[PDB]
Number of protein chains: 2
Amino acid sequence: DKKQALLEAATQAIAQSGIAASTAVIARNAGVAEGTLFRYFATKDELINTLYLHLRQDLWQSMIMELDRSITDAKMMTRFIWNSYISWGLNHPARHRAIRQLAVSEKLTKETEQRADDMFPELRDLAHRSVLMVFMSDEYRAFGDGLXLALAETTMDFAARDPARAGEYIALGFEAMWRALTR
Amino acid sequence: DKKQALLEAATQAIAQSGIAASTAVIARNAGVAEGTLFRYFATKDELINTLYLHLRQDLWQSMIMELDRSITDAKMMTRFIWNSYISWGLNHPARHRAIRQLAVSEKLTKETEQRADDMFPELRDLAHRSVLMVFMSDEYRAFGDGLXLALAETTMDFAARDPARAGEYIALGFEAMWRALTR
Ligand SMILES: C=CCCOc1c(C(=O)OCc2ccccc2)ccc2ccccc12
Ligand SMILES: C=CCCOc1c(C(=O)OCc2ccccc2)ccc2ccccc12
């Protein structure tokens with residue numbers, strides 16, 4: 001209740017006013033005081049880190065029922081995942097704008113980064129089969145995610161403003177992402 | 001005086017509050033009335049179209065003194081231009097964030113799109129020398145610019161937050177852009 005009301009309030013605030021979102025206004029619009037929100041998340045970095053995983057799991061539950069592991073070709077599996085992310089972002093923009101801020105933020109730990117891989121081995125397995133090895137390194141992985149989500153957000157924006165041509169924007173966006181970020 | 005103040009307020013407002021920026025808040029931040037603004041831009045689309053050209057000409061003057069025309073290899077000339085844009089954006093974040101909104105906006109006419117090409121034949125010639133044919137077509141050109149400026153914005157953001165690795169972000173950003181947007 002109040003922990004996910006905070007998680008949904010943090011989503012709204014971080015998507016709008018950035019990750020420099022006040023702990024006060026995240027609390028106040030979740031119908032609580034600032035004191036309330038810090039015994040469920042010790043620090044603002046702990047709120048960031050589990051919201052990122054919460055949003056990550058929300059993206060995966062939108063997809064795994066439609067997910068078909070028959071595909072062995074990395075590019076066709078990435079395309080299904082790419083198509084699903086864009087649709088996920090179009091349906092709930094705040095969840096996308098928030099996860100884009102959290103993914104490229106310094107506050108993320110590798111218990112956030114190694115749980116995110118354990119939570120979703122299929123993506124891990126896929127990344128470890130196509131993505132450029134430099135965008136998997138601890139040093140530049142966040143940058144790849146930033147490139148990543150920049151190409152996706154641009155694809156969303158043209159797909160939502162020009163719905164009649166959305167399908168071509170998804171394909172073009174995917175191909176630009178694919179040759180940019182894979183071997 | 002007043003029109004360059006309108007253009008600089010429009011630069012601030014469109015980069016900050018998006019391209020849905022009120023003529024009210026553009027005017028009030030230029031120290032003028034709402035009436036005065038429409039004697040320098042007939043319509044808000046004229047403000048958009050003339051700000052885009054103003055910002056385009058500002059970006060090119062940051063580069064043309066350092067521009068070396070010796071190089072005939074497209075990738076080395078695009079890298080100098082890419083390196084120049086990133087530095088331009090780091091020095092003027094509002095001017096970059098604004099031109100990103102204007103470049104992907106429906107309000108831009110071809111009379112702006114043909115001025116941008118006549119004003120900068122080297123960019124046109126270089127674009128007409130390496131870029132994928134579909135990202136130059138009238139239909140998906142704005143999309144190419146968006147993918148474009150999305151990769152650049154991600155490069156700026158990681159370069160400004162992690163300065164010690166900035167040089168690596170510029171090269172990686174450029175190469176990811178290059179294989180994404182060229183043949
Ligand atoms: C490094 C840049 C890419 C991270 O993308 C990808 C992932 C992936 O695991 O993405 C992580 C992610 C982080 C934040 C939001 C959404 C996804 C997995 C497989 C991928 C296959 C091809 C391209 C991109 C892939
Ligand atoms: C299709 C997107 C490309 C826009 O980049 C480019 C230009 C160029 O002239 O881009 C125009 C521009 C538009 C908006 C803001 C800034 C520049 C010229 C040559 C290029 C060569 C390689 C890559 C990109 C290039």
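Naming convention: chains lettered A, B, ... in sequence-line order (proteins, then strands); numbering from 1 in each chain. As the structure lists them, so they are numbered: ligands from 1, and atoms in each ligand from 1. Every heavy atom of this structure was used, including side-chain atoms; hydrogens, water molecules and symmetry mates were not.
- Distances from atom 8 (C) of ligand 2 to the heavy atoms of B:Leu123, B:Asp145, B:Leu102 put B:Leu123 nearest.
- Heavy-atom proximity to atom 25 (C) of ligand 2, evaluated over B:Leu149, B:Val131, B:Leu147, is greatest for B:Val131.
- For A:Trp82 (side chain) and A:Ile170 (main-chain N/O), a donor-acceptor pair under 3.5 Å exists by modelled atom type.
- Between A:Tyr85 and A:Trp88, the ring center distance clears the sub-6.0 Å criterion.
- B:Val25 and B:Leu7 end up in different hydrophobic clusters when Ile, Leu, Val, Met, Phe, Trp and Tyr side chains are linked at under 4.5 Å.
- For ligand 1, the atoms lying closer than 4.0 Å to a non-hydrogen atom of A:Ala127 are 18 (C), 19 (C).
- If you number the atoms of ligand 2 from 1 as listed, the ones under 4.0 Å from a heavy atom of B:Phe135 come out as 1 (C).
- Listed by number with element, the atoms of ligand 1 under 4.0 angstrom from any heavy atom of A:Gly144 are 1 (C), 2 (C).
- Remark: ligand 1 atoms within the under-4.0 Å shell around heavy atoms of A:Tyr52 are 13 (C), 14 (C).
- Side-chain rings of A:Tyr140 and B:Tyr169 approach one another, their centers coming within less than 6.0 Å.
- When non-hydrogen atoms are compared, ligand 2 lies under 4.0 Å from the side chain of B:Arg56 (C-beta onward) but not from its backbone.
- Contact between B:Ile99 and ligand 2 is absent, with no heavy atom of the residue lying under 4.0 Å from the ligand.
- Contacts between A:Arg100 and ligand 1 below 4.0 angstrom, taking non-hydrogen atoms only, are absent altogether.
- Judged purely by atom type and a 3.5 angstrom limit, A:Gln57 has no side-chain atom pairing as donor or acceptor with the backbone of A:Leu53.
- In this structure, B:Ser105 contributes its side chain and B:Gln101 its backbone to no donor-acceptor pair below 3.5 Å.
- In this structure, A:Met177 has a heavy atom closer than 4.0 Å to ligand 1.
- Between the B:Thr50 side chain and the B:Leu47 main chain, no donor and acceptor come within less than 3.5 Å of each other.
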